[PDB]
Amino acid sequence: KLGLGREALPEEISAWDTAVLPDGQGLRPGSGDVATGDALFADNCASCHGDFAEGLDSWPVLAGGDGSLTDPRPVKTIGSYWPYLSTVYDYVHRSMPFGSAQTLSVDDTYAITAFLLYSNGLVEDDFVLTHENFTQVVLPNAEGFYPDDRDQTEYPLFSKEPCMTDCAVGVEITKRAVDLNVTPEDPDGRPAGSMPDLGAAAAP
């Protein structure tokens, strides 16, 4: 060891390490109910995420989309998609509200998490979330993920000897970005940042 740094104090660790792991490591003592969460959500969150956590305008939807994961356009929310409740608590506590993060107490965060469960149809309106019962909650998509398997499912296929000559591929144009016309433009209508025409006069 080089002898650099100094020992972190308990107060310092407590202030910065608020991560919660899926098995409940990192949970702190506290509780909150759905009704309290609703009130907190109204005051601090509904302005973006809706009174029922359903989203306003284009802000994130926090409830809904159950069973949509094989639809043409899935709706991925806490209830339809997230695997663990730990993530809800942790992310809310650390990073919301957007623009004024880290203003929620431990109890406030339990209450809000209870309300998000209720809004996703996962608990009744009298539910109380505590540090003791937190890990009893299992989200619908808990078993919906698996570690990267490209090494089994893609790399062998894509590491085959590729074709160089007279390759049997289709070359008919099927999609064109210009059909959408949703790229920023320069004043002349070209894609923004297009190279200047060196045959025309240089810009002032």
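Just count from 1 along the sequence shown to find any residue number.
As listed in the deposited structure, the average C-alpha B-factor of 120-128 and of 81-89 is greater for 120-128. For the two regions 132-140 and 46-54, the entry's Cα B-factors average higher over 132-140. Highest C-alpha temperature factor among 177, 62, 40, 163, as the PDB entry reports it: 163. Placement of the Cα temperature factor of residue 74 within the chain: middle third of the modelled residues, per the deposited record.
Ranked by C-alpha B-factor against the other modelled residues of its chain, residue 184 falls in the middle third. Placement of the Cα temperature factor of residue 148 within the chain: lowest third of the modelled residues, per the deposited record.
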